[PDB]
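**Q** The listed protein sequences derive, respectively, from chains L and B. Quick note on UniProt numbering: the first sequence kicks off at 8 and runs consecutively. Quick note on UniProt numbering: the second sequence kicks off at 6 and runs consecutively. Ideal Cβ positions, reconstructed from N, Cα and C, are used throughout, including at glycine.
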Amino acid sequence: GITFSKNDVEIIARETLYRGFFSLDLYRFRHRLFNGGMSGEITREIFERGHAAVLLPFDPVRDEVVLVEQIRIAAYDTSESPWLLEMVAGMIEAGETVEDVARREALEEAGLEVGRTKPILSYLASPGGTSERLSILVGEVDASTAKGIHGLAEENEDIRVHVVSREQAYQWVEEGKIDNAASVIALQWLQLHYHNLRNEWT
Amino acid sequence: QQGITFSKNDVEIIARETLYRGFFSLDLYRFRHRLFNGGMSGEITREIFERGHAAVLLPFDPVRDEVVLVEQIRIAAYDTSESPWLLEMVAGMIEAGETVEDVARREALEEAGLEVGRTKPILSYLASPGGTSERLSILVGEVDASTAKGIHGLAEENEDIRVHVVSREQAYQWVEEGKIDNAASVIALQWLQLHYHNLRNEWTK
Ligand SMILES: Nc1ncnc2c1ncn2[C@@H]1O[C@H](COP(=O)(O)OP(=O)(O)OC[C@H]2O[C@H](O)[C@H](O)[C@@H]2O)[C@@H](O)[C@H]1O
Ligand SMILES: Nc1ncnc2c1ncn2[C@@H]1O[C@H](COP(=O)(O)OP(=O)(O)OC[C@H]2O[C@H](O)[C@H](O)[C@@H]2O)[C@@H](O)[C@H]1O
Ligand SMILES: [Mg+2]
Ligand SMILES: [Mg+2]
Ligand SMILES: [Mg+2]
Ligand SMILES: [Mg+2]
């Protein structure tokens with residue numbers, strides 16, 4: 008496994024470079040080197056935007072997945088369209104749990120009640136430049152109740168529900184039609200675990 | 006089956022404003038877009054972290070069923086991880102005029118001392134598109150894991166990297182256990198777990 012621990016790094020200071028809806032911080036730190044020495048003082052720019060909960064809504068009876076479609080303008084420059092097919096997800100605020108956020112967002116974004124849940128994985132989105140961690144759950148849903156247009160208007164959130172079969176969703180990952188990290192991770196996990204999960208939940 | 010509903014013709018980007026520029030940038034996108042129930046939104050603003058785009062290389066030894074991991078500190082992991090040293094894929098930013106393949110091969114040498122044989126695309130993904138534009142394009146690369154050892158990275162860039170060789174099965178079990186938990190490695194190693202049988206047959210013929 009890894010070589011060094013938090014006993015091997017000192018964060019000297021963090022400087023807020025930008026404070027708005029999100030923050031950008033300069034971390035100043037020193038750390039042990041693999042060759043046996045200590046680094047000098049290093050600085051890194053880090054995008055601070057909190058952490059998120061992600062829900063894969065899976066119907067184990069029908070072998071169906073619920074996707075949500077919404078515009079993500081940051082996708083515009085490298086994608087055919089900025090509207091993406093994604094997992095239910097939202098930011099975790101102070102004192103909330105991953106699972107309570109997932110359930111609130113499943114209701115607000117897809118009109119879905121969630122039954123049983125299991126953790127998938129918790130991952131760092133891009134840890135060279137952002138602290139963001141996302142914790143994915145799979146949630147038992149009745150996909151026949153998933154339809155229509157959702158999202159909170161007062162937050163300029165406009166979301167369309169799509170229901171597909173599991174195999175169809177995974178085909179869309181293979182084809183590049185679904186290409187955001189949270190959805191790729193969740194649906195690859197589903198393809199590796201669906202036999203046991205469907206058995207557990209049926 | 007239809008898929009997504011709207012295209013770039015359905016969104017108007019009114020302006021972008023750089024709010025902060027240093028090594029990276031934070032931009033404010035100002036835009037309007039079509040609504041599903043009809044009509045156009047009002048003006049919306051989003052803060053977007055701009056850091057360019059990256060190439061990622063999963064170094065896979067098909068003879069040995071082994072993967073090469075690189076360990077380095079990622080200080081952004083500190084607040085949510087037991088240690089900021091992460092086990093990762095070879096990866097680097099893509100400079101203008103460069104291909105994903107060119108970057109992947111260069112970084113394999115710089116970060117792991119690895120010569121790469123054949124490559125195949127895995128997947129290209131958006132890291133976190135609600136708040137960053139970053140796209141990462143993953144290749145799998147054919148390597149001899151018996152050549153993978155030691156300390157690498159560019160010291161003049163304060164890049165200090167240690168090579169680890171593990172079995173594919175061990176690497177994937179570490180994803181399941183949360184010991185590997187950065188997106189690029191998770192995506193690449195899940196893909197490998199779904200495709201290694203055919204990939205080994207393809208590359209050992
Ligand atoms: N946050 C930072 N702030 C300042 N300088 C930095 C930073 N990150 C890197 N540098 C400088 O830039 C040099 C080279 O950075 P390269 O190695 O091509 O990129 P990558 O591997 O870091 O990022 C690639 C992906 O993997 C990661 O997970 C990222 O999140 C990306 O998603 C470093 O040695 C530093 O001097
Ligand atoms: N970039 C932004 N700039 C300004 N306001 C924003 C921004 N993003 C969201 N808001 C405001 O905050 C509201 C709620 O945004 P949240 O709870 O985070 O949900 P989510 O699904 O968007 O992001 C969750 C993850 O998925 C994505 O990939 C992200 O990268 C995350 O990783 C928006 O409707 C706006 O009012
Ligand atoms: Mg959301
Ligand atoms: Mg929401
Ligand atoms: Mg790198
Ligand atoms: Mg490098």
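(1) From the DSSP output, in three-state form, read off L:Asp-70 for me.
(2) Within 9 Å (strictly less), CB to CB, does B:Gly-8 reach chain L?
(3) Along the chain, where does the beta strand (DSSP E) containing L:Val-108 start, and where does it finish?
(4) Tell me whether L:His-202 is buried or exposed, calling it buried when 16 or more other Cβ atoms sit within 10 Å of its Cβ.
(5) Is L:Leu-114 closer than 9 Å to L:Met-94 when the C-beta atoms are compared?
(6) Closer than 8 Å by beta-carbon distance: list the chain B residues that pair up with L:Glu-174, in chain order.
(7) Note down, in chain order, each residue of its chain lying with its Cβ closer than 8 Å to the Cβ of L:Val-180, except the 5 sequence neighbours on either side.
(8) Does L:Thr-85 have its Cβ less than 9 Å from a Cβ in chain B?
(9) Secondary structure at L:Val-121, three-state DSSP: helix, strand or coil?
(10) Is the Cβ of L:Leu-119 closer than 9 Å to any Cβ of chain B?
(11) Give a single yes or no on whether L:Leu-159 has its beta carbon closer than 8 Å to a heavy atom of ligand 4.
(12) Cβ of L:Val-95 versus every heavy atom of ligand 3: is any distance shorter than 8 Å?
(13) Is it true that the region 27-35 of chain B meets the region 164-171 of chain B, where meeting means three or more beta-carbon pairs spaced less than 8 Å apart?
(14) Could you please give the first and the last residue of the uninterrupted beta strand (DSSP E) stretch that includes L:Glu-55?
(15) Of all Cβ atoms in chain L, is any one closer than 9 Å to the Cβ of B:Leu-204?
(16) Are there 16 or more other CB atoms within 10 angstroms of the CB of B:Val-68, so buried, or fewer, so exposed?
(17) Residues of the region 21-42 of chain B in Cβ contact with chain L at a cutoff of 7 Å, in chain order, please.
(18) Can you give the Cα-Cα distance for L:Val-73 and L:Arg-173, rounded to whole angstroms?
(19) Please say whether B:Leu-91 and L:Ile-9 have beta carbons closer to each other than 9 Å?
(20) Cα-Cα, which of L:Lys-184, L:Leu-40, L:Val-105 is closest to B:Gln-7?
(21) Over the uninterrupted alpha helix (DSSP H) stretch that includes B:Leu-40, give me the two end residues.
(22) Using a Cβ-based criterion (distance less than 8 Å to any ligand heavy atom), does B:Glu-55 qualify as near ligand 2?
(23) Check whether the region 78-87 of chain L touches the region 74-85 of chain B, taking contact to mean three or more Cβ pairs, one atom from each stretch, closer than 8 Å.
(24) May I ask you to report which of helix, strand or coil DSSP gives residue 234 of chain B?
(25) Report the neighbours of B:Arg-51 on chain L: residues whose CB is nearer than 8 Å to its CB, in chain order.
(26) Name the chain L residues whose beta carbon is nearer than 7 Å to that of B:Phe-11?
(27) Quick one, which of L:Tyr-83, L:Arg-205, L:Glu-71 has its alpha-carbon nearest L:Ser-151's?
(28) Using a Cβ-Cβ cutoff of less than 6 Å, which residues in the same chain neighbour L:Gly-122 once the five nearest sequence positions on both sides are dropped?
(29) Please list the residues of the region 123-134 of chain L that have a C-beta atom closer than 9 Å to any C-beta atom in chain B, keeping them in chain order.
(30) For chain L, check one thing: does any of its Cβ atoms lie closer than 9 Å to the Cβ of B:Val-68?
(31) Identify whether L:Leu-204 lies in helix, strand or coil by the three-state DSSP scheme.
(32) Once you ignore the five residues that flank L:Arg-51 on each side, which residues in its own chain have a CB closer than 6 Å to its CB?
(33) State the Cα-Cα distance for the pair L:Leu-204 and L:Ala-188, rounded to the nearest angstrom.
(34) Which parts of the region 149-184 of chain B are runs of the beta strand (DSSP E), unbroken and 3 residues or longer, counting only runs that do not cross its ends?
(35) Any heavy atom of ligand 6 within a distance shorter than 8 Å of the CB on B:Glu-164?
(36) If you measure from the beta carbon of B:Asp-107 to each beta carbon in chain L, is any gap under 9 Å?
**A** Once the coordinates are examined:
(1) In the first sequence, the residue the question calls residue 70 of chain L occupies position 63. Shown here, L:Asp-70 sits in coil according to DSSP, grouped into three states, outside any helix or strand.
(2) Numbered from 1 along the second sequence, position 3 holds the residue referred to as residue 8 of chain B. For B:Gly-8, the answer is yes, since a Cβ of chain L falls inside 9 Å of its Cβ.
(3) Reading the first sequence from its first residue, position 101 is the one you call residue 108 of chain L. No beta strand (DSSP E) contains L:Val-108, which is instead part of the alpha helix (DSSP H) from 105-117.
(4) Translated into the one-based positions of the first sequence, residue 202 of chain L becomes position 195. That one is exposed.
(5) The count along the first sequence starts at 1 and reaches residue 94 of chain L at position 87. The count along the first sequence starts at 1 and reaches residue 114 of chain L at position 107. No, Cβ-Cβ distance for L:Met-94 and L:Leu-114 is not below 9 Å.
(6) Translated into the one-based positions of the first sequence, residue 174 of chain L becomes position 167. The premise fails here: L:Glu-174 is roughly 12 Å from chain B at the closest Cβ pair, so nothing lies under 8 Å.
(7) Residue 180 of chain L sits at position 173 when you count from the first residue of the first sequence. For L:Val-180, where only same-chain residues beyond five positions count, the Cβ hits under 8 Å are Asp-186, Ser-190, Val-191, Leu-194, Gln-195.
(8) One-based indexing of the first sequence puts residue 85 of chain L at position 78. L:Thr-85 counts as touching chain B.
(9) Counted from its first residue, the first sequence places residue 121 of chain L at position 114. Coil.
(10) Within the first sequence, residue 119 of chain L is the residue found at index 112, counting from 1. Taking 9 Å as the threshold, the shortest C-beta distance from L:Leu-119 to chain B does not fall below it.
(11) For the purposes of this step, residue 159 of chain L is taken as the residue at position 152 of the first sequence. Indeed, a heavy atom of ligand 4 lies less than 8 Å from the Cβ.
(12) By one-based count along the first sequence, residue 95 of chain L stands at place 88. Yes; taking the cut-off as 8 Å, the Cβ of L:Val-95 has a heavy atom of ligand 3 nearer than that.
(13) no
(14) Position 48 of the first sequence, counting from 1, holds the residue named residue 55 of chain L. Taken as a continuous stretch (DSSP letters only), the beta strand (DSSP E) holding L:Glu-55 covers 49-55.
(15) Residue mapping note: residue 204 of chain B aligns to position 199 of the second sequence, counting from 1. No, no contact with chain L.
(16) Locating residue 68 of chain B in the second sequence gives position 63, counting from the first residue. B:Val-68 comes out exposed.
(17) Within the region 21-42 of chain B, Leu-24, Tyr-25, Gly-27, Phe-28, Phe-29, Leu-31, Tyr-34, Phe-36, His-38, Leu-40, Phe-41, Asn-42 place their CB atoms closer than 7 Å to a CB of chain L, listed in sequence order.
(18) Residue 73 of chain L sits at position 66 when you count from the first residue of the first sequence. Residue 173 of chain L sits at position 166 when you count from the first residue of the first sequence. Cα-Cα distance, rounded: 9 Å.
(19) By 1-based counting over the first sequence, the position of residue 9 of chain L is 2. By 1-based counting over the second sequence, the position of residue 91 of chain B is 86. Closer than 9 Å, so yes.
(20) Numbered from 1 along the second sequence, position 2 holds the residue referred to as residue 7 of chain B. Checked all of L:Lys-184, L:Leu-40, L:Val-105; the closest Cα to B:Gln-7 is L:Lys-184.
(21) The residue given as residue 40 of chain B occupies position 35 in the second sequence. Neither: B:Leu-40 is in no alpha helix (DSSP H) and is coded neither H nor E.
(22) The count along the second sequence starts at 1 and reaches residue 55 of chain B at position 50. No, since every heavy atom of ligand 2 falls outside the 8 Å radius drawn around the Cβ of B:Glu-55.
(23) no
(24) No answer is possible for residue 234 of chain B: it lies beyond the span of chain B, which begins at 6 and ends at 210.
(25) For the purposes of this step, residue 51 of chain B is taken as the residue at position 46 of the second sequence. Think of a sphere of 8 Å around the beta carbon of B:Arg-51: the chain L residues whose beta carbon falls inside it are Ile-80, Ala-81, in chain order.
(26) Taking the first residue of the second sequence as 1, we reach residue 11 of chain B at position 6. Simply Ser-88, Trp-90.
(27) Counting from 1 along the first sequence, the entry for residue 151 of chain L is found at position 144. Out of L:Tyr-83, L:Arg-205, L:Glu-71, L:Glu-71 has the C-alpha closest to the C-alpha of L:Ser-151.
(28) Numbered from its first residue, the first sequence carries residue 122 of chain L at position 115. Answer for L:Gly-122: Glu-147, listed in chain order.
(29) Residues passing the 9 Å Cβ filter: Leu-128, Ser-129, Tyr-130, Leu-131, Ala-132, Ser-133, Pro-134.
(30) Position 63 of the second sequence holds residue 68 of chain B. Chain L contact via Cβ: absent.
(31) Indexing the first sequence from 1 puts residue 204 of chain L at position 197. Residue state, collapsed to three classes: helix.
(32) On the first sequence, residue 51 of chain L is found 44 positions in, with the first residue counted as 1. The residues are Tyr-34.
(33) Within the first sequence, numbered from 1, the residue matching residue 204 of chain L stands at position 197. Within the first sequence, numbered from 1, the residue matching residue 188 of chain L stands at position 181. Answer to the nearest angstrom: the Cα atoms are 22 Å apart.
(34) 166-172
(35) For this step, residue 164 of chain B is matched to residue 159 along the second sequence. Yes.
(36) Residue 107 of chain B sits at position 102 when you count from the first residue of the second sequence. Chain L, which has no Cβ nearer than 9 Å to the Cβ of B:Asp-107, makes this no.
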